[PDB]
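K.L.:
Sharing a structure, written as structure tokens. Questions coming.
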Amino acid sequence: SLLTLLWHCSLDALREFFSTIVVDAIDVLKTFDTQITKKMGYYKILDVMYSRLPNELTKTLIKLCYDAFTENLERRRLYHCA
Amino acid sequence: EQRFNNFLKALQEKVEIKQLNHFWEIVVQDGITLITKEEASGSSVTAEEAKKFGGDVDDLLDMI
């Protein structure tokens, strides 16, 4: 569901929805299925909205997911991809 | 004279590549006397006027 609306969401509403969910995503960014699926969703919803338009906090956020790929069960590879 | 000339030039370069909080700035401010090569004149004295006068990306992409 969410990817379609995010692709076609109005850019103005995107701004305030982003402002609403900034901390709600930042905090949650940090059995096993629940967390990884939630992070699945978080990556797949944040990427499209970064694809819209460009402070300082964001400078950190990127690397908070970079290591999320560089780990050394297939859900793990899907997590890396997301 | 020339042996210590090249010695002193090398030492000036070495202290230059030593970035300090008390670096050759104190040496040079008193090195207004002699800090380069001196044999008799010319390239000697000219030398005076030549010298008398991912974590990194994390550093570079999180606070530049």
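The chain as shown is numbered from 1 upward.
Per the header of the entry, the method used was electron microscopy, 4.6 Å.
Cβ coordinates are placed from backbone N, Cα and C, and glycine is handled just like the others.
Look at Swiss-Prot and you will find B:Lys18, B:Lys37 tagged as SUMO2 cross-link. According to Swiss-Prot, the feature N6-acetyllysine maps to B:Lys9, B:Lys14.
Are these features on the surface or tucked inside, and what are their neighbours?
P.N.:
In sequence order, B:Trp24 constitute the residues six or more apart from B:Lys18 (SUMO2 cross-link) in its chain with CB-CB distances below 8 Å.
Sequence-distant neighbours of B:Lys37 (SUMO2 cross-link) (same chain, six or more apart, CB under 8 Å from its CB) are B:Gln2, B:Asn5, B:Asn6, B:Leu8, B:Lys9, B:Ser43, B:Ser44, B:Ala47, listed in sequence order.
If you draw a 10 Å sphere around the CB of B:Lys9 (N6-acetyllysine), it holds 16 other CB atoms from the protein chains shown.
Neighbour count (other Cβ atoms within 10 Å of the Cβ, all protein chains): 10 for B:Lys14 (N6-acetyllysine).
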